[PDB]
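Given next, in structure tokens, is a single chain: the form solved without adenosine-5'-triphosphate (ATP).
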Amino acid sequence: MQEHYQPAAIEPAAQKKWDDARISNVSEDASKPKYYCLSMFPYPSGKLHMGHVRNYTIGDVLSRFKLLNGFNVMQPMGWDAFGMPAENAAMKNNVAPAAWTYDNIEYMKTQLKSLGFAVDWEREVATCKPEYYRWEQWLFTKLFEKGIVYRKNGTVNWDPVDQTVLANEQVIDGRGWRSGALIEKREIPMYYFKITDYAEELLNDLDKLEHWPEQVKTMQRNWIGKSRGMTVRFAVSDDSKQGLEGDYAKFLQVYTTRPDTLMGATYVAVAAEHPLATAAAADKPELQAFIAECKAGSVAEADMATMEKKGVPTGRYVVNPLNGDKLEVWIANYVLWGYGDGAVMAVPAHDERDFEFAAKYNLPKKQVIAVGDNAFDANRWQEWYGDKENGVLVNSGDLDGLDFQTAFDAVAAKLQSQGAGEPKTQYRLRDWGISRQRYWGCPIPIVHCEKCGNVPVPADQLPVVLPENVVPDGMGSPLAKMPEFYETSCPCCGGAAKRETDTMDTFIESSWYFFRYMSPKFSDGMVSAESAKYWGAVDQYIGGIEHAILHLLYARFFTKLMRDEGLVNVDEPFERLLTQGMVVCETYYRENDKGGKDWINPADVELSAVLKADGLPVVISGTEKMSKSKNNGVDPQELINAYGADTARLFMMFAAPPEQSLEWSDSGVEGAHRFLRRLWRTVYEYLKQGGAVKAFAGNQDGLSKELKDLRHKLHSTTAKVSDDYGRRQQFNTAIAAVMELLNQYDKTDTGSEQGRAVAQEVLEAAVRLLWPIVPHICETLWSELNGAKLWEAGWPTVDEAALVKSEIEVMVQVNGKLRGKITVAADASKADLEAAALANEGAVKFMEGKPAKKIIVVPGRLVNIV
């Protein structure tokens, strides 16, 4: 054994040993229990940084733990390859997105191999490859013919100067981000998943996920946004019907989640596009101007909660069907057309928004709900005004005194008897818009024929292949300019036709890749039946909280869709979810000649701080999440060249609990490295003093107290680490526990024959307990200690006999006079000592049937019965 730890030498040799043994290349082996551990696959956008590494190290720790416990572990990796990163790199470097992507994949794959993750690379997928995306095209066509996918007009941001559709993220102040031109709202045909048809299933099945973090479930419930409310119709007054047609001339319909407050409605509000709005604005130029301002605004929820709520009165009136009040209709900028009725009732006394709107325009506030003896002031909003759970109705006729639910059901019965309303369930969830006017994405398998319409591509003709010989330049999608792509024949009639040139939302690839990993070379379907039956669902999923809503909801939705197609037999894709904390790092910049800032990478600066290239100073700025945005991503390859993969992995796992943020630290890397040399030094010095022996096992009676204590520490440590990897998933405390075992080891004389056997037992356990964290050094150290294969020796077992301490002899006194002796456990409570002392032979004789006035218990010394 070499004296000094040399990771540059031992880490490649360990990886080759694992690769040759194929321990990470797994089949559907019925002779072993399966374990599927998945980390969220990365965008191949250039280089991974230590943040990504922390994510994948957490997954590798969990995978290697289960591997050591005899599981058949699948831990797959792949590339989430479509999307805007490559399209942007094409506009900057004039290179093809495919070429840029496959280049990044090659570099990133070596980054990962360098870290020694226990990954089944035979299951690698790259989602921009036809052999992958043909199957989401397949599912698209199957759902399109069921109407689950459908085509309909939708709104987009059209930039008239750049001649391109813009995402909302690039529309600032109503204008294009790179053009500054006024953005036009265009209606264009697009494709949608009818995810609203699955809202109830998606919501209710969250209750099955007993091992998900509750905040993620809460975020999904709030996003789906189910409500149980009431449709309510207000009859249009006789004087207010001019210009109104059909049902709009007869009533104004709204939806409310508080029908228990309908007796407190004091006005009604409608969207600018509502037919009552347009009819009252016929002769009113002020309402026309207000309607136009509304249409020229951002309907985004991000802007609307921060939006000043405004309105104008219409001079039209409707009638409350419960109390007969005549309420004026207002046009209001917060009521959105298309979200149900486009009209709402207002109850200022019990809704905070209505209260402020009514305080602005001095509109009436009518209390209809009281909470106990609480004081109600119409000139100040109090949180109890909206309390739905502890109120009763006041000022409500025969509804007075009821709670929320009873009033809700009573209002429903009364409204239904008059034909003026009925219960209704609504969801905030909207259908999922699939179409992207972008090149680097999965083509939509639709052919447009002037005779047949929108026709899906037959399954025998999939994939519709995206051409890779393309360099986009933002002047619109190049697919719409390539007739050798869009010119085709109709699959139904054979006539000339045109391929759809929009591509798919790239969330589609990540909505099912976890099933493709189960059979990534299967060419007859999305996933083979045998492999889906074997692997079931993902046992453990690890990824950032930024994907807790959309990505997870889409993945759950695709799972249910695939189940409904008979492709899988699980309802939910991920059984457990670990959301790792972000790795953060200080940033550095230099003022640009254009007045901007040149963000510099920490690996190219020196520290007052200077750039490592010229010696001129650079500015030290704030510490934030590692990302390419501020160029503060630490490349693991640089850490590995300087210290080794095990150091990188150990620092990430030790610096903080996995869910807590983790600050980059040169000092932390050095501490991790010193511990690895301590571990190496410990085993080297042990083997220098005599060589390897058979580890102690079996009956420890006759071992010295010092060695019994070390075995107690050993098996306590094994129990703790097993619980930290397996239940708590807290790796920093697992490493700290092994450090404590070594500290006790260092303080124990292990030179005797029995001492060397216990030493061997301790070291053989330490190196296996740490193998999930630092497998390279632990693999090498194991092989110097023991001849068996580490993965066949398995996870260390807890010797329960090593955990029992010795019994203690206690004196039994009666009124301070020694009357007997008792033997009790070291863990014996004060009540067990009292029990045992009272039953002592000499005690019961010298008590003379008299009861104990008091019993004094000195733990480990005596019991005095008075």
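The first residue of the shown sequence is 1; numbering continues from there.
K.L.:
Hey, how big is the hole between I620 and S621 in terms of deposited residues without coordinates: none, 1 to 3, 4 to 9, or 10 or more?
P.N.:
Nothing is missing.
K.L.:
Is the mean CA B factor in the deposited entry higher across 85-93 or across 250-258?
P.N.:
The stretch with the larger mean CA B-factor is 85-93.
K.L.:
Mean C-alpha B factor from the entry: is it higher for 268-276 or for 431-439?
P.N.:
Per the PDB record, 268-276.
K.L.:
Among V299, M504, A757, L479, which residue carries the highest C-alpha B-factor recorded in the PDB entry?
P.N.:
Highest C-alpha B-factor among the listed residues goes to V299.
K.L.:
For the C-alpha B-factor as written in the entry, point me to the maximum among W138, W384, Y334, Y517.
P.N.:
Among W138, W384, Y334, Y517, the PDB entry lists the largest C-alpha B-factor for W384.
K.L.:
Name the third of the chain's ranked CA B-factors that contains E500, choosing lowest, middle or highest.
P.N.:
For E500, the deposited C-alpha B-factor lands in the lowest third.
K.L.:
Compared with the other modelled residues in the chain, in which third is the CA B-factor of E807?
P.N.:
It falls in the top third of the chain.
K.L.:
Split the chain's modelled residues into thirds by Cα B-factor; is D60 in the lowest, middle or highest one?
P.N.:
For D60, the deposited C-alpha B-factor lands in the lowest third.
K.L.:
Comparing against every modelled residue in the chain, figure out the third that the C-alpha B-factor of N840 lands in (lowest, middle or highest).
P.N.:
Answer is highest: the recorded C-alpha B-factor places it there.
K.L.:
Looking at the C-alpha B-factor of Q700, is it in the lowest, middle or highest third of its chain?
P.N.:
Its C-alpha B-factor belongs to the middle third of this chain's values.
The same protein has a further form, the form solved in complex with adenosine-5'-triphosphate (ATP), not shown here; the description that follows concerns it.
K.L.:
At 4.5 Å between heavy atoms, is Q242 in contact with adenosine-5'-triphosphate (ATP) in the deposited bound form?
P.N.:
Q242: no, not in contact with adenosine-5'-triphosphate (ATP) in the deposited bound form.
K.L.:
Does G342 reach adenosine-5'-triphosphate (ATP) in the deposited bound form if we count a contact as any heavy atom within 4.5 Å?
P.N.:
Yes, contact at 4.5 Å.
K.L.:
Counting only non-hydrogen atoms and a 4.5 angstroms cut-off, does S227 reach adenosine-5'-triphosphate (ATP) in the deposited bound form?
P.N.:
Output for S227 is yes: heavy atoms within 4.5 Å of adenosine-5'-triphosphate (ATP).
K.L.:
With the partner left out of view, is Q367 within 4.5 angstroms of adenosine-5'-triphosphate (ATP) in the deposited bound form by any non-hydrogen atom?
P.N.:
Residue-level check for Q367: no, no contact with adenosine-5'-triphosphate (ATP).
K.L.:
Note which of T682, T501, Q220, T256 lies within 4.5 Å of adenosine-5'-triphosphate (ATP) in the deposited bound form, where distance is taken over heavy atoms; exactly one does.
P.N.:
The residue in contact is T256.
K.L.:
Could you work out which of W138, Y334, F485, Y248 is the residue within 4.5 angstroms of adenosine-5'-triphosphate (ATP) in the deposited bound form, going by heavy atoms?
P.N.:
For this set of options, the contacting one is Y334.
K.L.:
Tell me, please, which stretch of 342-350, 432-440, 91-99, 210-218 lies within 4.5 angstroms of adenosine-5'-triphosphate (ATP) in the deposited bound form when heavy atoms are compared?
P.N.:
Result for this chain: 342-350.
K.L.:
Scan 374-392 and note down the residues that get a heavy atom within 4.5 Å of adenosine-5'-triphosphate (ATP) in the deposited bound form; none is a fine answer too.
P.N.:
Heavy-atom contacts within 4.5 Å come from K388 alone.
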